[PDB]
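Participant: Sharing a structure, written as C-alpha cells. Questions coming.
There are 2 protein chains.
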Amino acid sequence: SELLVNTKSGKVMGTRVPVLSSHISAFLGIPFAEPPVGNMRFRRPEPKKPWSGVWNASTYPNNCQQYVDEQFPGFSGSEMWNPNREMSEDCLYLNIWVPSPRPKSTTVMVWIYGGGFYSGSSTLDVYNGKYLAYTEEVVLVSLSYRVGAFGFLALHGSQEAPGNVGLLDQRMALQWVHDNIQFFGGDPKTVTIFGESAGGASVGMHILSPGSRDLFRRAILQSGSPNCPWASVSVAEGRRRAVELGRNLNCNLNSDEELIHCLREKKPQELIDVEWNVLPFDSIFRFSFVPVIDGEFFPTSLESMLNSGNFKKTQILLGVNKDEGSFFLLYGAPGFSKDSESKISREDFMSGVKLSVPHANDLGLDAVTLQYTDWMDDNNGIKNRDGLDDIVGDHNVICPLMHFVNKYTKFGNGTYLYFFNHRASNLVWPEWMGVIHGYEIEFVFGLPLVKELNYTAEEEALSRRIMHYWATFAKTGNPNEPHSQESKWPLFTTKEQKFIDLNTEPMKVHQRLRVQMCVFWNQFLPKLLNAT
Amino acid sequence: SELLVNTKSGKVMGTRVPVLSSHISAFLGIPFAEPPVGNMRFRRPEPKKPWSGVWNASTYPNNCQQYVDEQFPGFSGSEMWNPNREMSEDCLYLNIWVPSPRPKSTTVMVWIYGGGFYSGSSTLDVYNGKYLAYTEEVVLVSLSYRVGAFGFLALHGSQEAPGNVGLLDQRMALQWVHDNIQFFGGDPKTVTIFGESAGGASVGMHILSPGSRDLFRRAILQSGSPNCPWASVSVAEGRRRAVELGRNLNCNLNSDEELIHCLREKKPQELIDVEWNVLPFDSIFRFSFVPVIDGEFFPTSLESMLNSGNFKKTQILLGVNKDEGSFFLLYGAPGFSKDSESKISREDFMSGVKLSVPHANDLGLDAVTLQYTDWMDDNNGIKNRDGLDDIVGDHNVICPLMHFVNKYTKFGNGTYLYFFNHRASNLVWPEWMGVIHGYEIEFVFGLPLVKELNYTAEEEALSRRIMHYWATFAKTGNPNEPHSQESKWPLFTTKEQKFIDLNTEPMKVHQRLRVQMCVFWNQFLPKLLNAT
Ligand SMILES: *[C@@H]1O[C@H](CO)[C@@H](O[C@@H]2O[C@H](CO)[C@@H](O[C@@H]3O[C@H](CO)[C@@H](O)[C@H](O[C@H]4O[C@H](CO)[C@@H](O)[C@H](O)[C@@H]4O[C@H]4O[C@H](CO)[C@@H](O)[C@H](O)[C@@H]4O)[C@@H]3O)[C@H](O)[C@H]2NC(C)=O)[C@H](O)[C@H]1NC(C)=O
Ligand SMILES: *[C@@H]1O[C@H](CO)[C@@H](O[C@@H]2O[C@H](CO)[C@@H](O[C@@H]3O[C@H](CO)[C@@H](O)[C@H](O[C@H]4O[C@H](CO)[C@@H](O)[C@H](O)[C@@H]4O[C@H]4O[C@H](CO)[C@@H](O)[C@H](O)[C@@H]4O)[C@@H]3O)[C@H](O)[C@H]2NC(C)=O)[C@H](O)[C@H]1NC(C)=O
Ligand SMILES: *[C@@H]1O[C@H](CO[C@@H]2O[C@@H](C)[C@@H](O)[C@@H](O)[C@@H]2O)[C@@H](O)[C@H](O)[C@H]1NC(C)=O
Ligand SMILES: *[C@@H]1O[C@H](CO[C@@H]2O[C@@H](C)[C@@H](O)[C@@H](O)[C@@H]2O)[C@@H](O)[C@H](O)[C@H]1NC(C)=O
Ligand SMILES: CN(C)c1ccc2nc3ccc(N(C)C)cc3[s+]c2c1
Ligand SMILES: CN(C)c1ccc2nc3ccc(N(C)C)cc3[s+]c2c1
Ligand SMILES: *[C@@H]1O[C@H](CO)[C@@H](O)[C@H](O)[C@H]1NC(C)=O
Ligand SMILES: *[C@@H]1O[C@H](CO)[C@@H](O)[C@H](O)[C@H]1NC(C)=O
C-alpha cells in the first residue's frame, strides 16, 4: 500500500488527500523527537524512541504552546496565524506530502514556519503543502519546533535550560529527514530548507551553524535573516529575561537549578501570560525568547562569521515584501487601527519612532527622523504613516537581509533576490497595510490555485511562477528553467546587485534594493550609536 | 553748478558721467575717515577732519590693501574682482552717483562690497552705480572698508587692535551718509543698505549691532548672512590667529603691545604674503581675519540675539544663487579645474568633504556623505561633482541664510526671499560652475543694459525687473509696484515660507527653500558634533 512506509523509527500509515481534483499521499503528525515534557521542559530534544506497529499519521499533530492573538476575534487575517489544533508541550512532529505514485528519489523541500519565535504552527491552512507537492512534484516536509520560553529560555552554562533548544528541534527534524526521507521517495542529497520571518532567520541560522550545515543542500529565506535585530540576543540578555520571567512568577531566584525547577512546575499558560513582560524596552517587532548567541550553536558572533566566510557555501534564494512593517505598527504603535486609514500625527510619529528603534538615544531618533521625513510636507498624515511603515520594515527585515545578502554573496555559489510587491485582490486587511509581512506565503503554497478562495487568474499565474521558481531552484540551484521564453531572473552579484519584482506585471529587473536607506541602517546609525 | 556740493566736511566737486546715452552726476573718492596709517593701523577709524577749498571727487579712490588673485592671469572672470586702482592703506572713501537734475529728497541705496573680508573694492566695473542711479532715480552710494589683517586683526581687550575695525569703517561711512547725503538730494530717512557675500553678512551684522541700527531704514542681503560660519570667529580664535600671523613674521610675541608694534612696522605686503598661513584647518570658504564676536559690536552671541529678537526690526529682502559653492571648489578642492568638466572621483569627493567641513569628526563626515551621495549611482563623477557643489553652497551660504530668515521673520516687519538661478548667456566660467556666487550682482547693477557687453534681450529685461524690485523695495519696503499686471512677489511668512525664482522665465513661486538639507545643516549636524 502506497500509504504504508517503513522508516528507521518504525512503520507509518498516512492518508490519501484530494488536491486540485486529483490525489496524493500525506503523512501528518510523525514524531521526530521525544515529547519534551516534565523535567525535559527547556532541555535539548532527544531522538524519538523507535516504535513497533503502525503510527497513525492521518491527522495533523498538536501545535506547540504559545501566545494566541485575540486582537481581532474571528477575523480571518488574524486567526489564520493562530493554532488550528490543540496546544501541547507534546508537539515535536513533522508532516510530509508525497506525490502519487510515490517517486523514487526526488527534490525535497522543508518548511520552517515563522511567528517571531513566540508562535507558529506546522499545521496552518496557509502552509498546506499538498498544492506544492502535487504541482511541482516534490516531497514537501513541514517541521515543528518549540517557541516561546519553552523553546528559547536561555540560562547559559547550565544543561537544563541551555537556550536555542527550539533550533535543536529544527535540526533534529532535518536529521530525521536526512535519515528517513528516502523511504518517502525523497532524495536526501537534494533537500532545500525554506522559511518566512523567524523561519527565514532560522534558515540562515542553519547555514551559519556548523552542526546544521551538513543536513541540507540549499536554502530559501523569506522576509527574515539570521542577523535581524529581533532574531537573537546575547547570553547576558537571555539570562536577564529568563530571571525576569522567574521574578514575574514569584520564583526562587537564588540559583539556576532553583529557578528552572520553579519554571518547570508551572502550567504552560502561566509562562505565556507574562511572556511579554520581560522585554527590556517599550518596543515593536521584538520578542521575548529568541535564539541566544551561545558560542555553541554559533561558534562566534553572527557578524564575524559573515565576514570570515564561516558559513555553508551553496545557492540561496531570498527576498522581502513591499510593506514588512505595517503588521507590527497596527498592533503596537499608537495611531494605527484596522478600520481607519491610520493617518498619523506629529506626536504619534515620534512615538512610533521611539518604539521602532528602542536602543536609539535622542540623537539616534533625530537621525532616523531626518531620513524618513519629507520636509516639504512634514505634517501630512499619510506620509507620516507610510514613513513609519518603511522605518519598521527597513530596520527589521529589508536592511538586515540586504546585509546578509551582500556578505553571503562574496563566498556563496549563487544568490537570487526578489522584492514581492503584489497586493492580493482578496486581502482582508486594510489598504494602508500594503503588501504585508507574511502574505507572499499563500502564493508560495499555491492557494491562488484553489478557485473557491477568490484569487484572480493573474494571481493563479503568479503563484504558479513562484512555486515553479521555488521548486526548480530547490532542484537545481537555479529558479530558471533552461529553455523558457520567459525572461531570466538574473543572479545577484556583488558588482551589479540585481533583483526582480515578483508581481502580476511582466518581469522587470532592478538593482541595489534600498541601498540608501540600508546604508543608513547598516553603516551610519550603528556607528552613530557607538560614538555615543 | 550741479557738480558742486557743500557737505558738513567741506565742498566737493564731482563729474558729469555718461550713462545709456544720457548723463548724471558722480562724486568719486570722498573721504569719510582719516587715513588709518602708521600708528593707526589696526585702530578704530576716526572721522575725517573737515577741509576748506574743493575736494576733487572726479576719480575713483585707491582700493584697500589686499590679496590679489593671480590664479588666472588676464582672465576676466577672475580679474573682474581684483583691484582696478592702486592699493593703499589710505583707502577709506565712498562714491556717490546722483541723478540729473539733482533730486531734493529721494531714496538712498548704499552698497557694501564682498570679498570674504580679505578683499574687495568699491570701484569695480561690476559695482558701477550709474546704471542703477539713472534707471531707478536713486542716490547710489558705495562705501569702502579695511579688509584682511588691516581691518580685522583682533587682539581683544586692547585698544590698538580691538578687532572689527573694518565694520567700524562701514558704520562711519553710514554715519557720513546719514549726516551729509541730504546735500546730494538723498533722503536720510530712507536709506537702504545692500551687499553680497561678506557685504551681505555685513548688512546682517549692522542689523544686529546696536551701534549701527539707527543709521539705515532697510536692508538687502545677497548670498551672505551674519551667522555664516566663515563670517566670524570667537575672540580666542581672533587672538590665536593674530599671534600666529606675528609668529609667521618672526615678531616678538611677549605681549600685545610688542606684537602690534611689530605688525605696524611691516610693509602691508608682508602681512598679505602670509595671511592664509594662519587658518587653523585645511579648508575652503574660510578666511583669515573676519569679524570677532567681541561683546561690544555684538552685545551677545549671534544665535542668542536672533532668538531674543535683539535686532533691528524692519523690512528685509534677500536670497541666494543656485550654485554658491562652485567658485571655492575650483580654487581649493582637488579634482576641480577651469577647463574641464571636473568629474570628481571617489577619492577627490572624500577630500572635498573634509575640506568643506573642517570641524567635522569622522562621524560628521559620514553624515554629510550620507546626505549628498546618490547610492544608486555612487561613483558617477558628475553627481560627485554636483554633490560637492551643493555641500559647499548649502553649508556656507544657503542654510545659514535660511536660518537667519526664519529667525528674523518672527520679529521683523516684512521679508521677501529669492533664489537666483539664471546662468548668463555670456558667462566666461565653465558650465559646471553653474549660477556662480557673485554673478547676480551684474544684474542688480544693470550691466545687461549696456549693449556692448553682449547680454540677451531677455537678460536686459531681467536686470530691469531686478533693479526695479531692489529700488522699489528700498523706497517702500515692498519690491512690488502697487498696480503691475506682473504677478506679486509674495511675502515670506513663517507659516508658508514662500520665495521666488529670479530668472528669464515667467515668475514661479515656491516654498521652503531647501528645508531638508538645511534641517541637516542647522539642526542635526551641529547636535551630532556636540554629542561627540
Ligand atoms: C468569495 O466570495 C464570496 C461572495 O462574494 C464571499 O461571500 C462572503 O461570505 C459571507 C459569509 O462568510 C456572506 O455573508 C453572510 O451572509 C449570511 C446570510 O445572508 C449571514 O448570516 C452572515 O452573517 C453572519 O456573520 C457575521 C460575522 O462574520 C455577523 O456580522 C452576522 O451577524 C452573522 O453572524 C451570525 O453568526 C452566528 C453563528 O453562526 C449566528 O448564531 C448569529 O445569527 C450571528 O449573527 C454573512 O453576512 C457573503 O456572501 C460574503 N460577504 C462578504 C463581506 O464578502 C466568500 O466568503 C468568498 N470566499 C472566501 C473563502 O472568502
Ligand atoms: C562681444 O562679442 C564679440 C564678438 O563675438 C567679442 O569678440 C571677442 O573678442 C576678442 C578680443 O577680446 C576677439 O579676438 C581677438 O582677435 C584679435 C585679432 O584677430 C587677436 O589679436 C586677439 O588675440 C590676442 O589675445 C589673446 C589673449 O586673450 C591671445 O591668445 C592672442 O595671442 C592675442 O594676444 C596678444 O596680445 C599682446 C598684447 O596686445 C600682443 O602683443 C601679442 O601679439 C599677443 O599675441 C583676439 O583673439 C574676438 O572677436 C572675440 N573672441 C572671443 C573668444 O569671443 C567681444 O569681446 C564681446 N564683448 C565683450 C565685452 O566680451
Ligand atoms: C487513523 O486515524 C483516523 C483519524 O484519527 C482520529 O484522531 C486520532 C488522534 C484518534 O483520536 C482517532 O480515534 C480519531 O478517529 C481514523 O479515522 C482511522 O480509522 C485510523 N486508522 C487506523 C488504521 O488506525
Ligand atoms: C580734477 O581732477 C581731474 C583728474 O584728476 C587726476 O587724478 C588726480 C588724482 C590728480 O593726479 C590729477 O592731476 C589728475 O588729472 C582733472 O582732470 C581735473 O582737471 C581736476 N579738476 C579740478 C577743478 O581740480
Ligand atoms: C500581547 N502582546 C503584548 C503582543 C505584542 C506584540 C505582538 N505583535 C504581533 C505581530 C504580528 C502578529 N501577526 C499575527 C502577524 C501578531 C502579533 S501579536 C502581538 C501581541
Ligand atoms: C592664495 N590662497 C591660499 C587662496 C585661497 C582661497 C581662495 N578663495 C577664493 C574664493 C573666491 C574667489 N573669487 C575671485 C570669487 C577668489 C579666491 S582666491 C583664494 C586664494
Ligand atoms: C559554483 O561552483 C562551481 C564549482 O564548484 C563553479 O564552477 C560555478 O561557476 C560556481 N557558480 C557561482 C555562481 O559561484
Ligand atoms: C509692519 O508694521 C506695521 C505697524 O508698525 C503693521 O501695521 C504692519 O502690518 C506690519 N507688517 C508686517 C508684514 O509685519
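As they're listed, the protein sequences go chains A and A'. A prime marks a further copy of an entry chain. With the deposited numbering applied, the first sequence covers 4 to 535. With the deposited numbering applied, the second sequence covers 4 to 535. Just so you know, even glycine gets a beta-carbon here, dropped at the ideal spot from N, CA and C.
1. How should residue 469 (chain A) be labelled, buried or exposed, when 16 other C-beta atoms within 10 angstroms of its C-beta is the threshold for buried?
2. Please check if any C-beta of chain A sits within less than 8 Å of the C-beta of residue 530 (chain A').
3. Just the C-alpha distance for residue 123 (chain A) and residue 85 (chain A), rounded to the nearest angstrom, thanks.
4. Throw me the rounded Cβ distance for the residue 398 (chain A) and residue 359 (chain A) pair, which I believe falls under 8 Å.
5. Are the C-beta atoms of residue 527 (chain A) and some chain A' residue less than 8 Å apart?
6. Got a sec: is the Cβ-Cβ distance from residue 157 (chain A) to anything in chain A' below 8 Å?
7. Quick check on DSSP: helix, strand or coil for residue 260 (chain A)?
8. Opposite residue 90 (chain A) in the DSSP bridges: which residues?
9. How do the region 214–226 of chain A' and the region 129–147 of chain A' stand: do at least 3 beta-carbon pairs fall below 8 Å, yes or no?
10. Going by the C-beta, is residue 525 (chain A) closer than 7 Å to any heavy atom of ligand 3?
11. Count Cβ pairs between the region 402–409 of chain A' and the region 521–528 of chain A' that sit closer than 8 Å; are there 3 or more?
12. Beta-carbon distances below 6 Å to any heavy atom of ligand 3 define the shell here; list its residues in chain order, please.
13. What residues in the region 379–395 of chain A bring their beta carbon closer than 7 Å to a beta carbon of chain A'?
14. Closer than 7 Å by beta-carbon distance: list the chain A residues that pair up with residue 522 (chain A'), in chain order.
15. Please go through the region 194–267 of chain A and give each complete alpha helix (DSSP H) segment of 4 or more residues, from N-terminal end onward.
16. Is residue 392 (chain A) helix, strand or coil by DSSP?
17. State the DSSP-derived secondary structure class of residue 517 (chain A'), mapped to helix, strand or coil.
18. Looking only at C-alpha atoms, which of A':266, A':127, A':427, A':116 sits nearest to residue 465 (chain A')?
19. Runs of 4 residues minimum, wholly inside the region 281–366 of chain A: which ones carry the alpha helix (DSSP H) assignment?
20. Quick one: is the Cβ of residue 345 (chain A) within less than 7 Å of any heavy atom of ligand 5?
21. Rounded to whole angstroms, what is the Cα-Cα separation between residue 276 (chain A') and residue 432 (chain A')?
22. How about residue 515 (chain A): is its C-beta nearer than 8 Å to some C-beta of chain A'?
23. Quick one: using the 10 Å Cβ neighbour count with 16 as the cut-off for buried, is residue 200 (chain A') buried or exposed?
24. Apply the 10 Å Cβ neighbour rule to residue 291 (chain A) and answer buried if 16 or more other Cβ atoms are within range, or exposed otherwise.
25. Under 7 Å, CB to any heavy atom of ligand 2. Which residues pass, going along the chain?
26. Can you tell which of A:413, A:498, A:12, A:480 has the C-alpha that lies nearest to the C-alpha of residue 184 (chain A)?
27. Would you mind working out which of A:418, A:361, A:238 sits nearest residue 284 (chain A), comparing C-alpha positions?
28. Using a 10 Å radius around the Cβ and a threshold of 16 neighbouring Cβ atoms, would you call residue 379 (chain A') buried or exposed?
29. Nearest-angstrom Cα distance between residue 328 (chain A') and residue 226 (chain A')?
30. For residue 492 (chain A), count the other beta carbons within 10 Å of its own beta carbon; 16 or more makes it buried, fewer makes it exposed. Which is it?
31. Give the secondary structure of residue 411 (chain A') by DSSP, where H, G and I count as helix, E and B as strand, and everything else as coil.
32. Tell me whether the region 299–311 of chain A' and the region 227–240 of chain A' touch, counting them as touching only if at least three CB pairs, one residue from each stretch, are closer than 8 Å.
33. Would a check of beta-carbon distances place residue 369 (chain A') closer than 8 Å to chain A?
34. Do residue 142 (chain A) and residue 120 (chain A) come within 8 Å of each other at the CB atom, strictly closer than that value?
35. Assess, as a yes-or-no matter, whether the region 440–456 of chain A is touched by the region 319–327 of chain A under the definition of 3 or more beta carbon pairs within less than 8 Å.
36. Smallest Cα separation from residue 507 (chain A): which of A:534, A:207, A:515, A:422?
Facilitator: Looking at the atomic coordinates:
1. The residue in question, residue 469 (chain A), is buried, as its Cβ has 16 or more Cβ neighbours within 10 Å.
2. Yes, residue 530 (chain A') lies at the interface with chain A (some Cβ there is under 8 Å from its Cβ).
3. The C-alpha of residue 123 (chain A) lies about 7 Å from the C-alpha of residue 85 (chain A).
4. Right, the Cβ-Cβ distance comes to about 6 Å (below 8 Å), so this counts as a contact.
5. Yes, because at least one Cβ of chain A' sits closer than 8 Å to the Cβ of residue 527 (chain A).
6. Chain A' contact via Cβ: absent.
7. DSSP, reduced to helix, strand and coil, places residue 260 (chain A) within a helical segment of the structure shown.
8. Paired residues: A:66.
9. Under the 8 Å Cβ criterion, the region 214–226 of chain A' does not count as touching the region 129–147 of chain A', having fewer than three qualifying pairs.
10. Every heavy atom of ligand 3 is 7 Å or more from the Cβ of residue 525 (chain A), so no.
11. Yes: the two stretches touch, three or more of their Cβ pairs being nearer than 8 Å.
12. For ligand 3, the selected residues are A:16, A:59, A:61, A:62.
13. So the list reads 379, given in the order they occur along the chain.
14. Neighbours of residue 522 (chain A') on chain A, chain order: 373, 378.
15. The qualifying runs are 201–211, 213–216, 238–251.
16. In this structure, DSSP gives residue 392 (chain A) a helical state, which the three-state scheme calls helix.
17. Judged by DSSP in its simplified three-state form, residue 517 (chain A') adopts coil rather than helix or strand.
18. It is A':427.
19. Counting whole runs of 4 or more residues, the region 281–366 of chain A contains the alpha helix (DSSP H) stretches 305–311, 329–335, 349–359.
20. In terms of side-chain proximity, the C-beta atom of residue 345 (chain A) is found no nearer than 7 Å to any non-hydrogen atom of ligand 5.
21. Residue 276 (chain A') and residue 432 (chain A'): Cα-Cα distance of roughly 27 Å.
22. Yes, its Cβ sits closer than 8 Å to a Cβ of chain A'.
23. Counting Cβ neighbours within 10 Å, residue 200 (chain A') comes out buried, since at least 16 surround it.
24. Buried, because 16 or more other Cβ atoms sit within 10 Å of the Cβ of residue 291 (chain A).
25. For ligand 2, the selected residues are A':77, A':429, A':455, A':456, A':457.
26. A check of alpha carbon separations from residue 184 (chain A) across A:413, A:498, A:12, A:480 identifies A:12 as the nearest.
27. Answer by Cα proximity: A:361.
28. Counting every other CB atom within 10 Å of its CB across the protein chains shown gives residue 379 (chain A') a total below 16, marking it as exposed.
29. Computed Cα separation, rounded: 11 Å.
30. The residue is buried, with at least 16 neighbouring Cβ atoms inside 10 Å.
31. In the structure shown, residue 411 (chain A') sits in a helix (DSSP, three-state: H, G or I).
32. By the criterion of at least three beta-carbon pairs nearer than 8 Å, the region 299–311 of chain A' is in contact with the region 227–240 of chain A'.
33. It does; some Cβ of chain A falls within 8 Å.
34. With respect to the 8 Å criterion, residue 120 (chain A) and residue 142 (chain A) are not classified as neighbours on the basis of their beta carbons.
35. Yes: the two stretches touch, three or more of their Cβ pairs being nearer than 8 Å.
36. Among A:534, A:207, A:515, A:422, the Cα nearest to that of residue 507 (chain A) is on A:422.
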